[PDB]
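Q:
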Amino acid sequence: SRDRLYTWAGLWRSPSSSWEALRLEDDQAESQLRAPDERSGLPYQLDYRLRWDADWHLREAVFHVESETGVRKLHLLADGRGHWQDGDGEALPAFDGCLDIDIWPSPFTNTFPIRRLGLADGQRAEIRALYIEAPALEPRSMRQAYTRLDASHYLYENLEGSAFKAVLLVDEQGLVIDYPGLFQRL
Amino acid sequence: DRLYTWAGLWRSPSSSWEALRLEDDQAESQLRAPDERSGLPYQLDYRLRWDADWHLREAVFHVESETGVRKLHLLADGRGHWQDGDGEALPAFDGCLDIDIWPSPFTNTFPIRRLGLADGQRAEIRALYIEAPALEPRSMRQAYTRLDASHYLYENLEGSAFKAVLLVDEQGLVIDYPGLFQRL
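Chains as they are written, first to last, in the entry's author numbering: chain A, 2 to 187; chain B, 4 to 187.
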């Protein structure tokens, strides 16, 4: 009654991408990510917080996305041993075996397998990642591989059929500097 | 606590999304859009307040982008005399009665509601044009023509010759800005 909402979408288009600002503590991160919906062409903002254990196993994830379609939330709990549940404590068996989350579009999440696995040069690991693509935030299990090439370079590969592969340049804490052609640290 | 910022290198076509809350004498809006040079997103929050004649009296802007936070606070007397939030006079904007914000069709409402044009009637205005994300205002010559109650011809008078026909609702709020904005 006090006010009335009016919403406008632009019809003009310009090329655009993501911008993410993250704050990192020892056992948790909080981030604000802004990016275009790649189907609709309209912007969204994703706010999220991740919390992990001493061994860099994910224990909690909270997401809040705002877009033209409305506000969507997601709350996930993980036991650090591959068992997931929602914020209501309902088990999510479809994610069994996932130890790490991978959020698109964010190169933050590549840090988890790096820090968790502690790979040596030349060592390869195949993982089951819980892949969550903004803005829809509908998680699904995804097979991935990481190979340590040297201290600052990791070979990332999709294992589900795309054959996508990339070499990540990371810093001494395992944070991505360059995700070549996809993300740059500012 | 360590701060980390990443820019995307991938590109996808994008545009503005604006959600505005309107009251009798003021509006507060949240506008998200891409920077048209950098490819990176920004968010503009703004609030406008006007008198009963639809003359702008105050405007406050807050933009967040990869370049940082930028703020702008304008005061107008409704008679074409402007000041910043600290009271310092802004002679460069002398004679402006209306603000025009890009990218927003909201601000087309001001001349429509203020001018009281008859059907077929054209008026030139001096608009204070404020383009996000930089928010560096400048006076600009524009013209409005009432075609009928629900259609106004907009003209840029600075030399582009850009013209548009705006479809508006019963309160002068833009429904269609053809090829630029659509009401959802």
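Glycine included, C-beta positions come from ideal geometry on N, C-alpha and C.
#1: Assuming contact is defined by CB atoms lying nearer than 8 Å, are residue 233(B) and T148(B) in contact in what I supplied?
#2: Could you spell out where the beta strand (DSSP E) holding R82(A) opens and where it closes?
#3: Say whether chain A places a C-beta atom closer than 8 Å to the C-beta of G175(B).
#4: Can you name, in chain order, every residue of its own chain whose Cβ lies under 6 Å from the Cβ of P44(A), other than the five neighbours on each side?
#5: What are the residues in the stretch 17 to 36 of chain A lying within 7 Å of chain B by C-beta distance?
#6: Less than 8 Å between the CB atoms is what I'm expecting for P108(A) and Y180(A), so what's the real figure, rounded?
#7: Give the straight-line distance between the Cα atoms of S142(B) and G83(B), rounded to the nearest whole angstrom.
#8: Nearest by alpha-carbon distance to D80(B): which of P16(B), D101(B), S163(B) and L187(B) is it?
#9: Hey, could you find the ends of the alpha helix (DSSP H) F113(A) is sitting in?
#10: Please tell me whether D48(B) and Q33(B) are closer than 8 Å, where the distance is taken between their beta carbons.
#11: By how many angstroms is the C-alpha of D103(A) removed from the C-alpha of residue 1(A)?
#12: Do the stretch 11 to 28 of chain B and the stretch 5 to 22 of chain A make contact, defined as three or more Cβ pairs closer than 8 Å?
#13: In whole angstroms, what is the alpha-carbon distance linking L150(A) and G182(B)?
#14: Taking CB distances under 8 Å as the criterion, tell me whether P136(B) reaches chain A.
#15: In the structure shown, what three-state DSSP assignment does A62(A) receive?
#16: Which residues in the same chain have their Cβ closer than 7 Å to the Cβ of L138(B), if we skip the five residues on either side of it in sequence?
#17: Going by CA-CA distance only, name the one from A92(B), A146(B) and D4(B) that's closest to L120(B).
#18: Assign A121(B) to one of three DSSP states: helix, strand, or coil.
#19: Helix, strand or coil for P181(A), going by three-state DSSP, please let me know.
#20: Please work out which residues of its chain come closer than 6 Å, Cβ to Cβ, to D89(B), disregarding the five sequence neighbours upstream and downstream, and give them in chain order.
#21: Can you tell me the Cα-Cα spacing of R50(B) and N159(B), whole angstroms?
#22: Residues in the same chain with beta-carbon distance under 6 Å from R129(B), minus the five sequence neighbours each way, listed in chain order, please.
#23: Can you give the Cα-Cα distance for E69(B) and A95(A), rounded to whole angstroms?
#24: Relative to the C-alpha of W57(B), which residue among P136(B), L118(B), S15(B) and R40(B) is closest?
#25: Could you check whether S18(B) and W105(A) sit closer than 8 Å to each other, using their CB atoms as the reference points?
#26: Tell me which residues share the same chain as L170(A) and place their Cβ nearer than 7 Å to its Cβ, disregarding the 5 neighbours each side in the sequence.
#27: Tell me whether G42(A) is buried or exposed, calling it buried when 16 or more other Cβ atoms sit within 10 Å of its Cβ.
#28: Let me make sure I understand the geometry here. Which of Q46(A), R60(A) and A126(A) has the alpha-carbon closest to that of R35(B)?
#29: How big is the Cα-Cα spacing for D172(B) and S2(A)?
#30: Residues of chain A with CB under 9 Å from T70(B), in chain order?
#31: Flag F113(B) as yes if its beta-carbon sits less than 8 Å from any beta-carbon of chain A, otherwise no.
#32: Hey, could you find the ends of the beta strand (DSSP E) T8(B) is sitting in?
A: Walking through what the data contain:
#1: Lying outside 4 to 187, the shown extent of chain B, residue 233(B) is not represented and no answer is given.
#2: Looking at the DSSP string, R82(A) is not in any beta strand (DSSP E), and its letter there is neither H nor E.
#3: no
#4: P37
#5: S17, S18, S19, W20, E21, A22, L23, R24, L25, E26, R35 and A36
#6: 4 Å
#7: Rounded to the nearest whole angstrom, the CA to CA distance from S142(B) to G83(B) is 11 Å.
#8: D101(B)
#9: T112 to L118
#10: In contact: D48(B) and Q33(B) (Cβ atoms closer than 8 Å).
#11: Nothing can be reported for residue 1(A): it is not among the residues displayed for chain A, which extend from 2 to 187.
#12: yes
#13: 50 Å
#14: no
#15: strand
#16: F64, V66, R73 and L75
#17: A146(B)
#18: coil
#19: Coil at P181(A), not helix or strand.
#20: none
#21: When rounded, the distance between both Cα atoms is 25 Å.
#22: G98, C99 and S142
#23: 38 Å
#24: Of the candidates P136(B), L118(B), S15(B) and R40(B), the one whose C-alpha sits nearest the C-alpha of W57(B) is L118(B).
#25: no
#26: Counting only Cβ-Cβ distances below 7 Å, and skipping sequence neighbours, we find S153, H154, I178 and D179.
#27: buried
#28: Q46(A)
#29: 19 Å
#30: Here the premise fails: no neighbours, minimum Cβ distance about 10 Å.
#31: Interface residue (Cβ-Cβ distance to chain A less than 8 Å): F113(B) is not classified as such.
#32: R5 to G11
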